[PDB]
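The next block holds one structure in the form of structure tokens; read it before the comments.
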Amino acid sequence: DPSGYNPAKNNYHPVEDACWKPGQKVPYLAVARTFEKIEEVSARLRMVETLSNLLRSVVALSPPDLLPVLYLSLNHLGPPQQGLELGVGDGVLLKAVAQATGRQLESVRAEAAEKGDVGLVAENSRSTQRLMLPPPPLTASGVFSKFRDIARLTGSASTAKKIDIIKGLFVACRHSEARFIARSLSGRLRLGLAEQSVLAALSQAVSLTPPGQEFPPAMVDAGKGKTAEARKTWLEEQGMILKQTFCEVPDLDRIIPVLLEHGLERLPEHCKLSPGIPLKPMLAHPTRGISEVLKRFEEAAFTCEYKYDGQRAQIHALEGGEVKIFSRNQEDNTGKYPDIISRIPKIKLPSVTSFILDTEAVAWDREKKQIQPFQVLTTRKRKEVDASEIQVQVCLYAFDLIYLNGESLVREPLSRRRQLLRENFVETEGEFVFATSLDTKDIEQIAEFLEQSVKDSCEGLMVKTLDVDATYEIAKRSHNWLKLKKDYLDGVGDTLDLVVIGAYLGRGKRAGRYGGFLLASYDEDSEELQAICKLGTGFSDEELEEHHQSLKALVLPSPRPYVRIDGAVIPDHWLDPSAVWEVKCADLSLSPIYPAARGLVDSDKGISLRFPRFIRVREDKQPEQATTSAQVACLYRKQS
Amino acid sequence: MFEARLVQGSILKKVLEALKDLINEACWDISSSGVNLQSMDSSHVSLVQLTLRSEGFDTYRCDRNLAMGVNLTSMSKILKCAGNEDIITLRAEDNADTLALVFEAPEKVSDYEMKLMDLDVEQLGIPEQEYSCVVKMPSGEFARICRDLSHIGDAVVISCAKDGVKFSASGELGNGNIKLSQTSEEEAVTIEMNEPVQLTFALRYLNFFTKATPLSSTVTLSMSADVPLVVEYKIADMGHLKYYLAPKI
Amino acid sequence: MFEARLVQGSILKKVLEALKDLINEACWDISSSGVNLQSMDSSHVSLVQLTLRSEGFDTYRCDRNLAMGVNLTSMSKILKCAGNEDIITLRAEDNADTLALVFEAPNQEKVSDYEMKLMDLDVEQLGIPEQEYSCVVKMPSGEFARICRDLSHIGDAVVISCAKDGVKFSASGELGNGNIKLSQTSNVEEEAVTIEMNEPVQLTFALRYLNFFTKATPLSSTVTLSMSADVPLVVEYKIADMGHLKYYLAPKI
Amino acid sequence: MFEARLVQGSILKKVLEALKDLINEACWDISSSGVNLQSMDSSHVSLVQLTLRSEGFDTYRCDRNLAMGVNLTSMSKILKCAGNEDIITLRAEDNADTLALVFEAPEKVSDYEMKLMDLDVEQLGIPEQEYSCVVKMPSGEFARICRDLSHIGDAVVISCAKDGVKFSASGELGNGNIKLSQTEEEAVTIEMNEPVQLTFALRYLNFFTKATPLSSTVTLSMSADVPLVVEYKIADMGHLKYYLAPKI
DNA sequence: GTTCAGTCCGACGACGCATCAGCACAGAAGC
DNA sequence: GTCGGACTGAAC
DNA sequence: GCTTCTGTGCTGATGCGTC
Ligand SMILES: *OP(=O)(O)OC[C@H]1O[C@@H](n2cnc3c(N)ncnc32)[C@H](O)[C@@H]1O
């Protein structure tokens, strides 16, 4: 009986402490119990221990059931490059719950709002619609198979077929599996553990109880007789091995069978980087300015480059003559850029058969020979590969090289990689360039390069080591490079003061409290508040409670006549406009959703803040003395 | 090799349209008794029975009892091809993973092969039991009742008394009810009553059932405590459809 | 304690379906003389007037004058569950939050009863005494419907020019413009066009409301329009031995 | 100038109904022989031709050979205004961008004026061919079989022999066929020179069939390597043909 | 050895293509 | 995209 | 004529993928 299953016991045992027969399909109840235990614990190590405990039993008892258990734990449906999506939002699943409970929608809507979690509303109420066959127990293989079925059934009236499958899952629930299934569907599984931690749990399990042993296996603890420190040293070295082995091939479907069949030490001998298999991109830490750059890099050579304000593109060229592109997140971008597919033979040297490149693509002004803002880039059509009628011209901007001709280059110092990059490629201005790069260690030189960057439409500077700690491997550190954004390197960016007129009730950490706020600018020539943005970030938890209690008494049953809102979502309560908040922003964009400054720059397209960050309440001002539409228009004109 | 022929292929069209929106996959059992289906719904809330009696066919011949799985979507898109006047042949080769049909118009012949599928059979043997109410009514009026009730509420309370049946429901508008009385043939209302009974049902399922109305102008509803509701359509000398709906509370 | 019994319930169907889209809600005055309503539309451009004369009910029982607030979309769904040949009863308790609707089959077999929750409304009414309008037309309903359904494609507005010999409707738009002429006619009463008119008018209106106004067309095979300078057009359907319905639409520019 | 009258204006309604969905923009070429149009579709796979004989008009004056550029979708939007019973008058100026339609029912007059446009027209000369298989068959039968086969598979194989034509569809759902055998307006006739098999994509034939209410009979013309010809015989007025390039 | 330092995990945001739904009407077919 | 928050190691 | 339906978009409404 899995309802008594306790992996959090001391002295955990792989088969003795299990709750089903050998060879059997794993009861989904056990996975839900484990998620229940994981929610009970705040200690990350203890959570990874408990997950490794379950994983160890799974590979001991029912080897094929492994992959579903991982993808369940990953809240994912397969390889990210396969493009699978569940495609079911809050509204559809909410209706599914109302029908499974037999309730009307509005009570359960307000209930899920107040607890800010679909989980706890998924149990409780019951349809009383007594089935003629009580359902079989849920199995983790069956549940994952239903989630890929849900993803697959598109077309007209598809919502009916979704509602029917999800129904069967809900009515089949046994103890408390409903909460975890509902959170699992809604993306917000809130389990408090992700990719790096699950791979840790995998390494720990597959180390202690490796695969391929005949049941019952005679060995259970590879750590037996080792000191707890030297145990941990063995665990962690297998950690780095596996994590890098994951980052070179970010897909369990490739890794897991070969792992089960050959053992984790021989695993790399079968797995190598190649185009046609994606890789994780490179990461960077935020830094405020030059001192921290000089301190972090105090004994390493480095260079300075622009951060062009585009999007990343991962370029695969195969000797077979097709090319593939992936986004920053391994999503399969081929179909977005069939023109770039055509540009490949004029970008490479012909002496190169295959490559993997990391590059930024940015929209370009072909006649003005200059960059345009990112709100032009996001206008591209998505799926179909009709290169014929290109409305948005695009230029490529190289910054790093990953693979060439057969040699993988990831183990290599950046200096050599940039050397080979320049030496084995050709440029074409406004079609393909290398990123503007400047090699230095000194202050006012960087200040001059920054001033050129901001006036040449770039988010800041990129700072990277040339050789020391200048290999690509994400496992040592993911965030090796630095970004020097204008936002605080200016000392102060575009900071504004705006009027709060409404709140959004929060969920998860934000549950019970407000999670976001609605802001307006004071339009004096109408004397009205016009909506400008929401806020959802940059404030701590104690000051969160301070804002919540301060706001709670000022809620109103109606929107005031001195408030203009349109397209912006209705606040979860209406709030009297008496408070003004100081905030920074990254950029200003023409909004189709925000009435502020309508007709001051264009009659119909409004404006809004990209990336608003809370600072502090500006409690000394009255609301009418906050930022007015005139300064908003001046600021946006001063952006250009 | 199994072969069956009917002049009234319109029956087959009406039948599959009566099945369509309820289930997507089913395995059909064929015997010397004829063609028979059991299938629970993918929600496990309601079940269909099919009977086609072999003697109802103009031509029928069987070597073996067959259980073939069929995707109801594609095969109904195929059955759309038949005109209302067409003579249908169904043929199955015993080990085929495809099913052969011919449509014959009263110099033109339509020929089809549809791929089969392999299915993990769920079937429930319904016990024969008596029911505290049996009602014989016109299909068309039942259709109006159910379609009407669809707007007003989501669940129905069905009440029976010797004086006449009563259907009631409610929603975010108020309450709706119908009291329907007996007559004094194809237009008639008649009852086989045993005791005054009240049960609850989910109208979305009855609206799915109603699609069979063009099969027979009159129908049996059979209702008893603590058991599924039976709706049965007797297709004329050909067989029947039965639908079992589990109750609420 | 009101009762109305009506034999021809399809009348109520056809009148109610003309408002369900125009206005989501309404208020209904009941009095000894009959049933009355005046409402503004949702965008507050046009006005609807409704009169059902008590004489036309098969049975009557106005024990009080009442003003029910009613969601027309809900009542529309409800009567979309009413039979055409059915004989309709409305019953209202004075003290209730409900209107009872009960229906009896011609075969006496099928009895329907539904009850609808009432509510209050913030009634705005405007006084519109009769005026001796400068133009009056009677003409075939299906004709005008077809004309509006045509010309709304061409351009968003129509200009109507009347002279004693006949009327011309003009619409102008991006592909071009179109002018339809109608003459007065005689010796076809029901299919004829009649004009009583005092001076040649030329006025402009937005067809996005005209396509709404046409939705009554099955009520009366003839329609009247009336024009006057600097005032709303009136459009009226005569409810057969029962009442009338009128639209008032204010002039553009 | 140009000045025409047609009593059976429903013909021209059905004509413009046929074209609007396939080709959006076109050129009207006018002559003493009547009205003629050739045009190539937006995918450039299929060509249409309309022939209207001037003698079929109830009244007809052509002073010059015009070439008028017209948005067919907007033209159809105008033509929806007439009832099928309406008598139609067409009136053209020489320099004008603008064409007058006068509609009259059997006591009402519609005056409509359409602005023209300046267009790149692609021309294909079509010399005579004799087609190896010529099928004359009742139109609705073809239309319904097309709408059927659209589900079985996006492509068709057509077959002819002197004893009958067979139309086969093929896809993951299954494969299917219709046989037809040679048998007044209910009859099917074939003239066959050489037995044929051809492969085609259905999307276009689905479009062609919208002309069906123009004619009780349709004629199929087939020969090796050439586009399929489908023809709608307008009674005494002229003809309407579609050419479709066979696949690969 | 603890005041720092970096990991890692989930809070929230602004756009926009896709992408499907929900009346609502012409249309044809059946009566 | 971005900022805070809980946790194990960092190294002066 | 009316029926119920079917195929018809037209315009709206969020899910999901970027930063
Ligand atoms: O702000 P962020 O954390 O998302 O930044 C990382 C992204 O910055 C883009 N970018 C632009 N230019 C470069 C260069 N020169 N080097 C590295 N990254 C660069 C990328 O899109 C990256 O994901």
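Here, A, B, ... name the chains of the structure tokens in the order displayed, residue numbers run from 1 inside each chain, and ligands are numbered from 1 in the same displayed order.
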
**Request:** List all protein, DNA and RNA residues that have at least one atom no more than 7 Å from any atom of ligand 1, counting only C-alpha atoms (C1' of nucleotides) and all ligand atoms, and write them as a PyMOL selection string.
**Result:** (chain A and resi 283-284+305-312+328+360+399+435+462+483) or (chain F and resi 1)

Output N, CA, C and O atoms (P, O5', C5', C4', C3', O3' and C1' of nucleotides) of each residue in that selection to a file, as a PDB file, in the first residue's frame.
ATOM      1  N   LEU A 283      25.758  31.412 -19.804  1.00  0.00           N
ATOM      2  CA  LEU A 283      25.129  32.353 -18.886  1.00  0.00           C
ATOM      3  C   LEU A 283      26.105  33.420 -18.379  1.00  0.00           C
ATOM      4  O   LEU A 283      27.324  33.286 -18.481  1.00  0.00           O
ATOM      5  N   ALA A 284      25.568  34.471 -17.768  1.00  0.00           N
ATOM      6  CA  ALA A 284      26.349  35.570 -17.219  1.00  0.00           C
ATOM      7  C   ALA A 284      25.748  36.106 -15.923  1.00  0.00           C
ATOM      8  O   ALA A 284      24.532  36.143 -15.765  1.00  0.00           O
ATOM      9  N   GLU A 305      32.889  43.714 -24.985  1.00  0.00           N
ATOM     10  CA  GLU A 305      32.089  43.735 -26.213  1.00  0.00           C
ATOM     11  C   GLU A 305      30.710  44.356 -25.990  1.00  0.00           C
ATOM     12  O   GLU A 305      30.304  44.573 -24.857  1.00  0.00           O
ATOM     13  N   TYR A 306      29.969  44.698 -27.039  1.00  0.00           N
ATOM     14  CA  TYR A 306      28.585  45.153 -26.862  1.00  0.00           C
ATOM     15  C   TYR A 306      27.630  44.018 -26.466  1.00  0.00           C
ATOM     16  O   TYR A 306      27.785  42.875 -26.899  1.00  0.00           O
ATOM     17  N   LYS A 307      26.563  44.359 -25.734  1.00  0.00           N
ATOM     18  CA  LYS A 307      25.332  43.560 -25.660  1.00  0.00           C
ATOM     19  C   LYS A 307      24.301  44.102 -26.630  1.00  0.00           C
ATOM     20  O   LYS A 307      23.504  44.962 -26.266  1.00  0.00           O
ATOM     21  N   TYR A 308      24.318  43.630 -27.869  1.00  0.00           N
ATOM     22  CA  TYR A 308      23.255  43.962 -28.818  1.00  0.00           C
ATOM     23  C   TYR A 308      21.914  43.482 -28.263  1.00  0.00           C
ATOM     24  O   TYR A 308      21.827  42.402 -27.685  1.00  0.00           O
ATOM     25  N   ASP A 309      20.878  44.300 -28.398  1.00  0.00           N
ATOM     26  CA  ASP A 309      19.575  44.111 -27.757  1.00  0.00           C
ATOM     27  C   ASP A 309      18.605  43.251 -28.581  1.00  0.00           C
ATOM     28  O   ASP A 309      17.415  43.550 -28.691  1.00  0.00           O
ATOM     29  N   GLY A 310      19.119  42.175 -29.175  1.00  0.00           N
ATOM     30  CA  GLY A 310      18.342  41.236 -29.972  1.00  0.00           C
ATOM     31  C   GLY A 310      17.878  40.001 -29.221  1.00  0.00           C
ATOM     32  O   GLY A 310      17.449  40.051 -28.068  1.00  0.00           O
ATOM     33  N   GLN A 311      17.942  38.881 -29.927  1.00  0.00           N
ATOM     34  CA  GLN A 311      17.773  37.560 -29.355  1.00  0.00           C
ATOM     35  C   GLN A 311      18.927  36.668 -29.796  1.00  0.00           C
ATOM     36  O   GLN A 311      19.480  36.826 -30.889  1.00  0.00           O
ATOM     37  N   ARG A 312      19.273  35.709 -28.941  1.00  0.00           N
ATOM     38  CA  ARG A 312      20.266  34.689 -29.261  1.00  0.00           C
ATOM     39  C   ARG A 312      19.743  33.780 -30.368  1.00  0.00           C
ATOM     40  O   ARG A 312      18.542  33.571 -30.512  1.00  0.00           O
ATOM     41  N   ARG A 328      17.521  30.315 -27.615  1.00  0.00           N
ATOM     42  CA  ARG A 328      18.161  30.253 -26.297  1.00  0.00           C
ATOM     43  C   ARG A 328      17.716  29.072 -25.419  1.00  0.00           C
ATOM     44  O   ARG A 328      18.451  28.644 -24.544  1.00  0.00           O
ATOM     45  N   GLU A 360      23.977  36.466 -32.041  1.00  0.00           N
ATOM     46  CA  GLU A 360      22.776  37.270 -31.860  1.00  0.00           C
ATOM     47  C   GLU A 360      22.216  37.634 -33.236  1.00  0.00           C
ATOM     48  O   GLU A 360      22.970  38.051 -34.113  1.00  0.00           O
ATOM     49  N   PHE A 399      29.561  36.216 -31.505  1.00  0.00           N
ATOM     50  CA  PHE A 399      30.309  36.429 -30.255  1.00  0.00           C
ATOM     51  C   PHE A 399      31.037  35.186 -29.733  1.00  0.00           C
ATOM     52  O   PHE A 399      31.958  35.340 -28.933  1.00  0.00           O
ATOM     53  N   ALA A 435      30.467  40.777 -33.388  1.00  0.00           N
ATOM     54  CA  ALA A 435      30.200  41.790 -32.373  1.00  0.00           C
ATOM     55  C   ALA A 435      31.411  42.718 -32.197  1.00  0.00           C
ATOM     56  O   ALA A 435      32.558  42.262 -32.187  1.00  0.00           O
ATOM     57  N   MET A 462      29.538  43.420 -22.515  1.00  0.00           N
ATOM     58  CA  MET A 462      29.852  42.036 -22.191  1.00  0.00           C
ATOM     59  C   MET A 462      31.316  41.953 -21.796  1.00  0.00           C
ATOM     60  O   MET A 462      32.174  42.428 -22.533  1.00  0.00           O
ATOM     61  N   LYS A 483      27.625  40.882 -17.472  1.00  0.00           N
ATOM     62  CA  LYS A 483      26.922  41.982 -18.142  1.00  0.00           C
ATOM     63  C   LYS A 483      27.044  43.270 -17.341  1.00  0.00           C
ATOM     64  O   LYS A 483      26.856  43.274 -16.128  1.00  0.00           O
TER      65      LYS A 483
ATOM     66  P    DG F   1      18.492  38.218 -22.265  1.00  0.00           P
ATOM     67  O5'  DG F   1      17.119  38.674 -21.573  1.00  0.00           O
ATOM     68  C5'  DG F   1      17.044  38.773 -20.172  1.00  0.00           C
ATOM     69  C4'  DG F   1      15.804  39.562 -19.748  1.00  0.00           C
ATOM     70  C3'  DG F   1      15.875  39.867 -18.280  1.00  0.00           C
ATOM     71  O3'  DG F   1      16.745  40.967 -18.197  1.00  0.00           O
ATOM     72  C1'  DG F   1      13.647  39.273 -18.936  1.00  0.00           C
TER      73       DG F   1
END

Exercise: residue 9 of chain G partners within 12 Å, only C-alpha atoms (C1' of nucleotides), chain neighbours under 5 positions left out, as a short mmCIF file (atom, residue, chain, number, x, y, z; two decimals) with N, CA and C atoms (P, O5', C5', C4', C3', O3' and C1' of nucleotides), in the first residue's frame:
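Listed below is the output, out17.cif:
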data_model
loop_
_atom_site.label_atom_id
_atom_site.label_comp_id
_atom_site.auth_asym_id
_atom_site.auth_seq_id
_atom_site.Cartn_x
_atom_site.Cartn_y
_atom_site.Cartn_z
P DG E 22 -16.72 28.54 -26.93
"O5'" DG E 22 -17.09 30.09 -26.73
"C5'" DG E 22 -16.92 31.03 -27.79
"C4'" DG E 22 -18.18 31.86 -28.03
"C3'" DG E 22 -19.46 31.03 -28.03
"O3'" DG E 22 -20.62 31.82 -27.87
"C1'" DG E 22 -18.78 31.53 -30.24
P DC E 23 -22.05 31.14 -27.65
"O5'" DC E 23 -22.70 30.89 -29.10
"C5'" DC E 23 -23.66 31.78 -29.65
"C4'" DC E 23 -23.14 33.21 -29.89
"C3'" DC E 23 -24.10 33.91 -30.85
"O3'" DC E 23 -24.14 35.31 -30.65
"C1'" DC E 23 -21.99 33.49 -31.89
P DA E 24 -25.45 36.13 -31.08
"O5'" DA E 24 -25.38 36.05 -32.68
"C5'" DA E 24 -24.51 36.85 -33.45
"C4'" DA E 24 -24.52 36.39 -34.91
"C3'" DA E 24 -25.91 35.93 -35.36
"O3'" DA E 24 -26.22 36.60 -36.55
"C1'" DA E 24 -24.27 34.44 -36.09
P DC E 25 -27.71 36.62 -37.14
"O5'" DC E 25 -27.38 36.32 -38.67
"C5'" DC E 25 -26.50 37.14 -39.43
"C4'" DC E 25 -26.19 36.49 -40.78
"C3'" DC E 25 -27.48 36.00 -41.46
"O3'" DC E 25 -27.40 36.36 -42.82
"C1'" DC E 25 -25.91 34.22 -41.21
P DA E 26 -28.59 36.11 -43.87
"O5'" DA E 26 -27.84 35.24 -45.00
"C5'" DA E 26 -26.69 35.76 -45.66
"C4'" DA E 26 -25.95 34.73 -46.52
"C3'" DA E 26 -26.84 34.14 -47.61
"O3'" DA E 26 -26.03 33.98 -48.76
"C1'" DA E 26 -26.20 32.45 -46.02
#

**Request:** Would you please work out which residue, of D:133, D:101, D:145, D:1, is nearest to residue 193 of chain D when using only C-alpha atoms?
**Result:** D:133

**Nearby residues (only C-alpha atoms (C1' of nucleotides)) at most 6 Å from residue 135 of chain C, same-chain spacing under 4 positions excluded, as number ranges by chain** = C: 196-197, 226-227

Please save C-alpha atoms of the selected residues as a CSV table (one decimal), in the first residue's frame.
chain,number,residue,atom,x,y,z
C,196,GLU,CA,-47.2,61.2,-47.8
C,197,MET,CA,-44.6,64.0,-47.9
C,226,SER,CA,-40.9,59.0,-41.1
C,227,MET,CA,-38.5,61.9,-41.7

Write down as a compact mmCIF listing (two decimals) with C-alpha atoms, in the first residue's frame the residues belonging to segment 148-276 of chain A that are assigned helix (DSSP H, G or I) by DSSP computed on the backbone.
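Writing done, so here's selection-v9.txt:
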# COMPACT_ATOMS: atom_id res chain seq x y z
CA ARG A 148 1.23 13.61 -24.27
CA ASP A 149 -2.22 12.63 -25.57
CA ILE A 150 -3.55 15.97 -24.19
CA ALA A 151 -0.72 17.76 -26.04
CA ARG A 152 -1.40 15.84 -29.32
CA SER A 158 -10.38 20.05 -29.19
CA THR A 159 -11.32 21.55 -25.80
CA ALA A 160 -13.98 18.80 -25.45
CA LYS A 161 -11.35 16.03 -25.87
CA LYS A 162 -9.05 17.77 -23.39
CA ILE A 163 -11.88 18.14 -20.86
CA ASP A 164 -12.76 14.41 -21.24
CA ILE A 165 -9.18 13.09 -20.68
CA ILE A 166 -8.48 15.47 -17.76
CA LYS A 167 -11.83 14.38 -16.31
CA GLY A 168 -10.79 10.73 -16.28
CA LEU A 169 -7.57 11.66 -14.46
CA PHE A 170 -9.41 13.76 -11.85
CA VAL A 171 -12.14 11.17 -11.10
CA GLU A 177 -2.95 13.06 -6.13
CA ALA A 178 -5.43 15.67 -7.40
CA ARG A 179 -3.37 18.56 -5.98
CA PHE A 180 -0.20 17.44 -7.68
CA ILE A 181 -1.88 16.63 -11.02
CA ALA A 182 -3.62 20.05 -11.04
CA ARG A 183 -0.36 21.89 -10.24
CA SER A 184 1.43 19.63 -12.80
CA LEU A 185 -0.93 20.66 -15.59
CA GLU A 195 17.01 20.62 -13.32
CA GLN A 196 20.33 20.87 -11.41
CA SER A 197 18.79 19.22 -8.34
CA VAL A 198 17.07 16.40 -10.26
CA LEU A 199 20.36 15.58 -12.08
CA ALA A 200 22.03 15.58 -8.66
CA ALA A 201 19.35 13.13 -7.45
CA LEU A 202 19.93 10.97 -10.55
CA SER A 203 23.74 10.88 -10.04
CA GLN A 204 23.27 10.04 -6.36
CA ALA A 205 20.82 7.20 -7.11
CA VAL A 206 22.64 5.66 -10.09
CA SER A 207 25.88 5.79 -8.08
CA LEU A 208 24.48 4.00 -5.00
CA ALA A 228 31.02 10.74 4.98
CA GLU A 229 33.38 13.40 3.55
CA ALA A 230 35.04 11.00 1.09
CA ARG A 231 31.54 9.67 0.30
CA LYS A 232 30.58 13.24 -0.59
CA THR A 233 33.78 13.67 -2.66
CA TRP A 234 32.84 10.58 -4.69
CA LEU A 235 29.26 11.77 -5.08
CA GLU A 236 30.25 15.28 -6.19
CA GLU A 237 32.92 14.14 -8.71
CA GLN A 238 30.27 11.91 -10.30
CA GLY A 239 28.06 15.00 -10.04
CA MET A 240 30.26 17.20 -12.26
CA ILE A 241 30.73 14.27 -14.69
CA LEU A 242 26.99 13.78 -15.06
CA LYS A 243 26.01 17.50 -15.09
CA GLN A 244 28.47 18.31 -17.85
CA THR A 245 27.33 15.07 -19.58
CA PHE A 246 23.78 16.48 -19.38
CA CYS A 247 24.73 19.99 -20.56
CA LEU A 252 17.05 12.29 -21.04
CA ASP A 253 15.71 10.21 -23.98
CA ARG A 254 19.30 9.95 -25.34
CA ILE A 255 21.08 9.65 -21.99
CA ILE A 256 18.89 7.26 -19.99
CA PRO A 257 18.80 4.04 -22.09
CA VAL A 258 22.57 4.14 -22.74
CA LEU A 259 23.11 4.91 -19.03
CA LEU A 260 20.94 1.92 -17.96
CA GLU A 261 22.76 -0.37 -20.41
CA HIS A 262 26.44 0.67 -20.01
CA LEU A 267 28.55 6.94 -20.44
CA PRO A 268 30.79 9.72 -21.99
CA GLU A 269 32.42 7.08 -24.28
CA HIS A 270 29.05 6.85 -26.10

Neighbour list for residue 21 of chain E as a PDB file with N, CA and C atoms (P, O5', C5', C4', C3', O3' and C1' of nucleotides), in the first residue's frame, cut-off 9 Å, only C-alpha atoms (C1' of nucleotides), skip fewer than 2 positions in-chain:
ATOM      1  N   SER A 156     -10.460  21.718 -34.251  1.00  0.00           N
ATOM      2  CA  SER A 156     -11.756  22.245 -33.834  1.00  0.00           C
ATOM      3  C   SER A 156     -12.395  21.395 -32.747  1.00  0.00           C
ATOM      4  N   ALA A 157     -13.098  22.043 -31.824  1.00  0.00           N
ATOM      5  CA  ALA A 157     -13.699  21.428 -30.641  1.00  0.00           C
ATOM      6  C   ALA A 157     -12.706  20.660 -29.741  1.00  0.00           C
TER       7      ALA A 157
ATOM      8  P    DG G  12     -13.226  42.337 -32.552  1.00  0.00           P
ATOM      9  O5'  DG G  12     -13.099  41.113 -31.515  1.00  0.00           O
ATOM     10  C5'  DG G  12     -14.252  40.670 -30.802  1.00  0.00           C
ATOM     11  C4'  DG G  12     -14.043  39.462 -29.880  1.00  0.00           C
ATOM     12  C3'  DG G  12     -13.085  39.729 -28.716  1.00  0.00           C
ATOM     13  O3'  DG G  12     -13.612  39.087 -27.560  1.00  0.00           O
ATOM     14  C1'  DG G  12     -12.355  37.908 -29.954  1.00  0.00           C
ATOM     15  P    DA G  13     -12.860  39.107 -26.140  1.00  0.00           P
ATOM     16  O5'  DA G  13     -11.960  37.788 -26.199  1.00  0.00           O
ATOM     17  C5'  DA G  13     -12.547  36.500 -26.181  1.00  0.00           C
ATOM     18  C4'  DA G  13     -11.541  35.430 -25.752  1.00  0.00           C
ATOM     19  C3'  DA G  13     -10.784  35.836 -24.492  1.00  0.00           C
ATOM     20  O3'  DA G  13     -10.547  34.674 -23.723  1.00  0.00           O
ATOM     21  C1'  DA G  13      -9.321  35.598 -26.303  1.00  0.00           C
TER      22       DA G  13
END

**Request:** Identify every residue of chain C that has at least one atom within 10 Å of any atom of chain B, counting only C-alpha atoms, and report the result as an MDAnalysis selection string.
**Result:** chainID C and resid 71 74:75 77:83 98:103 107:118

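For the atom pair formed by atom CA of residue 213 of chain B and atom CA of residue 117 of chain B, the distance is 29.4 Å, given to one decimal.
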
**Item:** All residues 10 Å or closer to residue 37 of chain B, only C-alpha atoms (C1' of nucleotides), same chain fewer than 6 positions away omitted, as a list in words
**Value:** residues 26, 27, 28, 29, 30, 48, 49, 50, 51, 52, 67, 123 and 241 of chain B

Using only C-alpha atoms, please write the residues we just selected to a file, as a CSV table (one decimal), in the first residue's frame.
chain,number,residue,atom,x,y,z
B,26,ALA,CA,-14.1,0.7,-29.9
B,27,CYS,CA,-13.6,-3.0,-30.7
B,28,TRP,CA,-16.6,-4.6,-32.4
B,29,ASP,CA,-17.5,-8.2,-31.6
B,30,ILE,CA,-19.1,-10.2,-34.4
B,48,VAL,CA,-23.2,2.1,-25.2
B,49,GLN,CA,-24.4,-1.3,-26.4
B,50,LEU,CA,-24.9,-2.1,-30.1
B,51,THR,CA,-27.0,-4.9,-31.4
B,52,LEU,CA,-27.4,-5.7,-35.1
B,67,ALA,CA,-13.1,-8.6,-32.5
B,123,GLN,CA,-16.6,-4.4,-21.4
B,241,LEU,CA,-28.9,0.7,-29.3

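Interatomic distance, atom CA of residue 383 of chain A to atom CA of residue 206 of chain D: 25.6 Å.
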
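Residues surrounding residue 131 of chain C within 12 Å are residues 135, 136, 226, 227, 228, 229, 231, 232, 233 and 234 of chain C [only C-alpha atoms (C1' of nucleotides); sequence separation below 4 positions excluded].
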
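Closest to chain G among A:186, A:549, A:370, A:209 is A:186, based on only C-alpha atoms (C1' of nucleotides).
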